[PDB]
Structure formats: C-alpha cells, structure tokens
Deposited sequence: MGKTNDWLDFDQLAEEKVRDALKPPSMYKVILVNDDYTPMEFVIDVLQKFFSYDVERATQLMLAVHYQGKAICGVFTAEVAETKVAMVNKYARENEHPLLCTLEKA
C-alpha cells in the first residue's frame, strides 16, 4: 500500500519512446527479464527486442505518455542498479 505523505496556442504533451541501450556487461537473459517484467512482452518478442539491442546498439521498448515513460525509465534503471548491471534505459520524444 501507499503512504501519501511520504512517497498563443497550447499543445498537448508529446508521447515518448522508451529505449534500452546496449552495453558489454548486461547478460542477454537480464535484458529479456526486463522486457517481460516492465514491458509485458512474451519470451519470443522479448528475445527479438533483446537481439535488436545487441546488434543495433539500442531498441525501442514502447511508446508512452511523457508521464508514464518517465516512470517506466526510472523503474528499469532502478531494477538494473539493484541487480548490478549498467543497463541504461532512456526516453526520447516520439
């Protein structure tokens, strides 16, 4: 549960791409874990995305509102930190 007190023209906020960056330390298995746990992908699709990160250097995990993207990025980076991997998750305007 939560502890609430201790946690001209107008344009709408942009959507944001959430990206996983490649590195030489993070195991393929952990990248897949991250894709299933934080992005709800099945084993097959998570494996494809993992391969894209591996060969292309980076891959788009998903597209979310600025607000949701910011949270997902922080969650992924914290999970990588706790597991001692330098896996970098970032966001970029869609």
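Stretches of the deposited sequence absent from the structure, as judged by C-alpha coordinates, are 1 to 6, 14 to 19.
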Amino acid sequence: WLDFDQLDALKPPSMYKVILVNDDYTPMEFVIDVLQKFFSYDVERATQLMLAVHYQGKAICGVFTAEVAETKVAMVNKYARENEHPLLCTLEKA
From here on, numbers count along this sequence of modelled residues.
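Comparing 24 to 32 with 37 to 45, the stretch with the higher mean C-alpha B-factor in the PDB entry is 37 to 45. Higher mean CA B-factor, judged across 68 to 76 and 9 to 17 from the recorded values: 9 to 17. Ranked by C-alpha B-factor against the other modelled residues of its chain, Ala94 falls in the highest third. Sort the modelled residues of the chain by CA B factor and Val53 lands in the middle third.
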